[PDB]
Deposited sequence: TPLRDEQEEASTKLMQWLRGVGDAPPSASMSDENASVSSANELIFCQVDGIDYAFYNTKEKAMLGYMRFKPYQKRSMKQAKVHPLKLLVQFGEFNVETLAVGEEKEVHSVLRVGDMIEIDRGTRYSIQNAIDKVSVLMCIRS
């Protein structure tokens, strides 16, 4: 690997929990700034943004479930950073859930009011990017 492939591998291994972590501009949030904390069993790390917690990562242990939540004050996008996820959604007005399988690079848009739950689909650590608008 060259230097940039090396850097991308180090970043991914940090997000996966298997590596060590990798200017005074307030607008910049460096990957070195991402500190994971566990909430309800799931590991979260968010960039420093003007409005807190608008862009971050969720790290899931093998086959780990995140119980149903509801998108509220911002529309939500979930984008697979590594691994594979099952996502179950129930939009307002509908009675039948939708099931989605997402591999790396795939995303799903969760509208306001939609109820959604997430499960790591594989027997390895998976990582989801969470984008609030």
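Missing from the model, by position in the deposited sequence, are residues 1-3, 26-31.
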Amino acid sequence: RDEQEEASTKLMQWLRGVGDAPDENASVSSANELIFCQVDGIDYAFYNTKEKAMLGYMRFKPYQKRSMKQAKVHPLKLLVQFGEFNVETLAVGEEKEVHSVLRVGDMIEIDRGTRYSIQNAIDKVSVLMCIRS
From here on, numbers count along this sequence of modelled residues.
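Of the two segments, 35-43 and 78-86, the one listed with the higher mean B-factor is 35-43 (C-alpha atoms only). In this entry, the higher average B-factor at the C-alpha atoms falls on 11-19, of the pair 118-126 and 11-19. In this structure the maximum Cα B-factor among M58, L55, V73, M107 is found at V73. When the C-alpha B-factors of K69, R103, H99, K96 are read from the PDB record, the largest value belongs to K96.
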